[PDB]
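In the form deposited in one PDB entry, a lone chain appears below as structure tokens.
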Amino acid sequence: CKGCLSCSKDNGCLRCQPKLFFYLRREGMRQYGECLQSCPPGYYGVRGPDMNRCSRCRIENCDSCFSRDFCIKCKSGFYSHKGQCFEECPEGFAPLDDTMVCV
């Protein structure tokens, strides 16, 4: 129970140190707070009034993102262009050789 401001046996972290992000971890039956430096893969930060908070990475065939709509690692078969995955790379940019990215 670490990175923690308020902390309990049953809920893990209840409040994070301020530059840490709050994440709800499922471990089977239990869901407990963690206070993390960086959000884990599949998530991204938000520094916020209620809290600094780990939100779910909501984006197209893509494991990890930095932001609301900027993807990092797409899932293969995608071509990462300007932070949003795609089917082909658009007219202007090209699928790279030995890359999963446009130009």
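Throughout, we count residues from 1 along the sequence that is shown. Heads up, when I say rigid core I mean the largest set of C-alphas that superpose within 1.5 Å between the two forms.
The protein also exists as the form deposited in another entry; that form is not presented, and the subsequent description refers to it.
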After a core superposition, would you say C7 shifts its C-alpha by at least 2 Å between the shown form and the other one? no
Aligned on the rigid core, do the two forms place the Cα of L36 2 Å or more apart, comparing between the shown form and the other one? no
CA of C65, rigid core aligned, shift of 2 Å or more between the shown form and the other one: yes
